[PDB]
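A, B, C, D and E are the chain letters, set down in written order, and residue numbers restart from 1 in every chain.
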Amino acid sequence: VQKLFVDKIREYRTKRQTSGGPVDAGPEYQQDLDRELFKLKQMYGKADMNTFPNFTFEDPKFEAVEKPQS
Amino acid sequence: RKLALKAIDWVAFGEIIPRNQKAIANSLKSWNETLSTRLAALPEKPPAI
Amino acid sequence: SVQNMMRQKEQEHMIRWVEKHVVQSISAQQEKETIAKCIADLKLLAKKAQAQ
Amino acid sequence: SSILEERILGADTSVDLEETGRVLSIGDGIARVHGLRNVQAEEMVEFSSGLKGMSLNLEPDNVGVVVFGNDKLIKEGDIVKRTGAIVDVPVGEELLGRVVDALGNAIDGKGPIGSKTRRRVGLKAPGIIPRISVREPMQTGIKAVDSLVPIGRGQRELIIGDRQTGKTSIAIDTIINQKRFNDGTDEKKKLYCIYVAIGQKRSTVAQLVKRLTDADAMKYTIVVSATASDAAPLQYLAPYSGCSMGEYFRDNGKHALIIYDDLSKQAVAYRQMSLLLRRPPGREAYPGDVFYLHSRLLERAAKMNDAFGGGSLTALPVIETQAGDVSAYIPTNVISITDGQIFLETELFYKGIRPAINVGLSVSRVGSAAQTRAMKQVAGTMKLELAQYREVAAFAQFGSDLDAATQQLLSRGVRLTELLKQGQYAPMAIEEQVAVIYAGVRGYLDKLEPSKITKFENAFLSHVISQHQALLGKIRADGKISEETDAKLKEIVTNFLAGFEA
Amino acid sequence: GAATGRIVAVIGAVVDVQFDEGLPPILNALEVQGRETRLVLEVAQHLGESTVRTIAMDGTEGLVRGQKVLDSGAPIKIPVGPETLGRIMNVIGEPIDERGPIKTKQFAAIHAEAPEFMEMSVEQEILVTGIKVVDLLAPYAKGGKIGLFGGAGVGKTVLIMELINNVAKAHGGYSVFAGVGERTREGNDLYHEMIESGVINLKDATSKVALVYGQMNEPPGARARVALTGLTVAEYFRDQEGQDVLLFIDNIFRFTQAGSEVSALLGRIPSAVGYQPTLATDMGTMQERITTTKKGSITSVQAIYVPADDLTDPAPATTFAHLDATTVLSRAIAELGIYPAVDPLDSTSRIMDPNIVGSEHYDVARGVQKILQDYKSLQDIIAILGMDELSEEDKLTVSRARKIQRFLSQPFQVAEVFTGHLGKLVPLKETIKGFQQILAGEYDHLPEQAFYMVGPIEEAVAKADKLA
């Protein structure tokens, strides 16, 4: 069916004329890609784009031992 | 690999014999065991970027 | 993990657009079907020839 | 995108005359097909919608066919085609590190598996000439298994017990523990593994691939998966397909291992599939040849001679039993195919012995006693010292006092019982096993308390891997524990016992 | 009007119907013309030469041969959406609350497939409930299936009325209840206890729970398909709205009991003790859709019945591979008075683990099973011989494991109306602390009548303070 071989490539080239993502999204693709974009961040964490690690650690304080001896 | 060795000091080190200060050494070796291998996995270097 | 998930949501929509549009394009034709029948005869004419 | 367009130009639209049988009925998976003259038995037939099926019964009027999939796209009056091949699955090393369904299509989504050779699921076990006896060991890393109930390479060993006792965990510490040989250097100490999931929900098999990928265990296994949602002819075909990827290894040189989890769910997929073909029921409505179902499976687990390649194929079938009764129909038919067993119980699991192995009953035809040379020294005496314990240590009510006579021997058991306990997903090595077992049988623990031996073990084990690495390398290399190697260990246990609790 | 058919044979609830052209595919719906109510037939088989065999959703009395039958074109569809909350439905999705129609924008078929492999979520947590037997020994998760096995008269629904009273109040998302084959006055006291307590709002759109009902008066083509109905209203609230939904099913055995009543008449040889040949493929197609996935999370709680108090029967004993937690109840426990009569030795989890439940909790867990097994392993000798022929160490796993059995019975909130005792909720951290003081041996002077039917551990010393 090479007449069908040409007819699924030629209506693939029409999909390669794109402006803003989906062609017939409407309220469908706008809600779904925003529902999924939250879920990759919801149970994952709150993370910005480029912020480095900012913290500070304190070690164990070295106490002394009192000892009258001999 | 910044890491220090030591001597074999487990036998009489709990026998420090303070004024009934048995807990002073019996807690001392207890900190000594966990801190040894845990700081060994710190001391050498960080992995590849 | 955001780069990969937006590729997956885009990939399935791109497939169904080519698929749901070809249903009406194959249905509308009326002259090329007569072209399609004579080659369907010639394939069957070719098919029985290699058997016997 | 360039990927969709290159997939559509590589597609081949070949057309030919089929051989074709009209459908007469479709209900509950069985499609009695009018027509189909020259069909074989066990041939794979292909429905119109993309489904696939296998023609089991031949008959003069109709042809019975069972479906690999779902029977709702199939209507009376459909078209059944002929492939021309008895049912075959792809095979190779290229399936390594994947999760696949029961016909070799990937359900992980990493893509198409590039496989080159195809092998039937109904091939024949090799006979009497091309085998040899069992020379090698297979290390599990469990300490109650490796010392007391050893398992050779090429020996069918049955893990049997109830639900939620340890049958899956026992066979997953075994998958993890071969990590140390697979990154080594010799090609004859490796062990490539295979897990077959029959009748399991996908929220257990997608969770076991997680446990097998943090420890990087998944780079040397395959997971053939037929979940509980699948068609009943897909849970029947799964162990015959998983066993046929095992025999790429064994028939080319290497050593494989295969776990059937479990084989009480490959039987109720045969009872249902062959009641709707109108075959008369036997006992408990099982068919006549459930013994022939399991026996033609568990005899491919060979150990070939060295003029064929010398490869091996171990097998570890799991069996779930009801209420711990071992005299049922499907248990006893598979006890008497396997060389040895591992009897997992429940009162061992709850009293505290975990892994809950009944070391009294866990018999094993020892596999030409390929335990290893050093473990024979310390677990030879352990086997007898534990057997001496079990005859005499079941009173729980004492009236008389014989500390010179009896209470010395039963103090050697509780030090060796509480030594045998283990954790989970942390399996040991064999020379780390010889060291910890040395300190138990040589009297070097009778002055402890039994509530401190599990604490004594990890402090001991961390001391020997850190400070004594060149010691343990002479046990693994030389095999045996030599007399000068007996000398060096005599101080280390006593030097550590001098400063253990302080 | 795709097709027209005439009834040919009628056996109970298995109506045969012959078409002339346009055979319906399997599991369509057929509409019987000439009745006062709606009668929908769902195609099951294809018996050869333009003849199907169907299973009917309502009663078949009054049908004659030749009576016309019309083809819908689609399976049983129900109206799904956010307006389904506070409404009661039946197997075909019609309002049986007499408050008028359900007006949604979309419709959902009853029959859909299962999720794939690569849409599973593995993340486990702990859902603290407030029951001591479940928090300590067998902790529930947040997103996993739970079963409550039990006979007849043990407590599988007083236990399910607690996990609503403790979890569905402090929940933030929605909720779905389903009744499959259990009695109808209990399905009326869930309407007049969720209206009074603000969960059903009759006047605006601030209601949380949905309801779906097919009870023990229906024909067995309805009980076999009512469980796939509440399972569909609890998937729109997962995949298309993205919430965290509960799901309470009672009872799920009647999906199977009423599937071996229409399997004899379809022409099938029976398997073991009387069940259908396909017992464990239809169960693995209903249970494989009740999942937590990457798009939402369903926290199932299913009550399961065991026939004639037998756990090796084929209908309960094939449900076990589909769970995460398990709460096997018992009869002989409940003859003593221990309520909730949970078997501490038969109940499991997959999150009881020292890295998940915390290594302090995991050692009070395994250490209290060890003392419980050792009381069971001497019941041969105590029953024949006596208590008085024991040692002194094993009169101290007997007296300590009778203080532990009694300290697993808790007064529930829903059971105040029975006995007149205040329902107690304990937190998690006050049970671990309260069992370490029975294992270490601090309360070995208090009697055993003081550990019984109390909440946190300070009531046990207070009940011991009363009797003197």
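FYI, contacts are C-beta pairs under 8 Å (C-beta built on N, C-alpha and C of every residue); 3 or more make two chains touch, one makes a residue touch a chain.
Least step count on the touch graph, chain B to chain C: 2. Here the largest set of C-beta contact pairs joins the chains D-E.
Inter-chain spacing, taken between the CA centroids of chain B and chain E, is 54 Å. In this assembly, the C-alpha centroid of chain D lies 33 Å from the C-alpha centroid of chain E. Our note on geometry: chain A versus chain B, Cα centroid distance of 43 Å, whole angstroms.
The set of chain D residues touching two or more other chains comprises 4. If the chains shown are joined wherever they touch, the resulting network has some other arrangement, not a path, ring, star or complete graph. Chain pairs that touch one another, listed by label: A-B, A-C, A-D, A-E, B-D, C-D, D-E. By the touch rule above, chain A contacts chain B in their complex via residues 65, 67-68. For chain C in complex with chain D, the touching residues are 11, 14-15, 18, 43, 47, 51.
Across the interface of their complex, chain A is touched by residues 1-2, 5-6, 9-10, 13-14, 17-18, 21-22, 25-26, 32, 36 of chain C.
Within the complex, the chain D residues that touch chain E are 24-28, 71-77, 99, 107-109, 163-164, 199-203, 205-207, 210, 225, 227-229, 231-232, 268, 271-272, 275-276, 278, 280-281, 284-285, 322-323, 346-347, 350-352, 396-398, 424. Those residues of chain A whose C-beta lies close enough to touch chain D in the complex are 1-2, 4-5, 8-9, 12.
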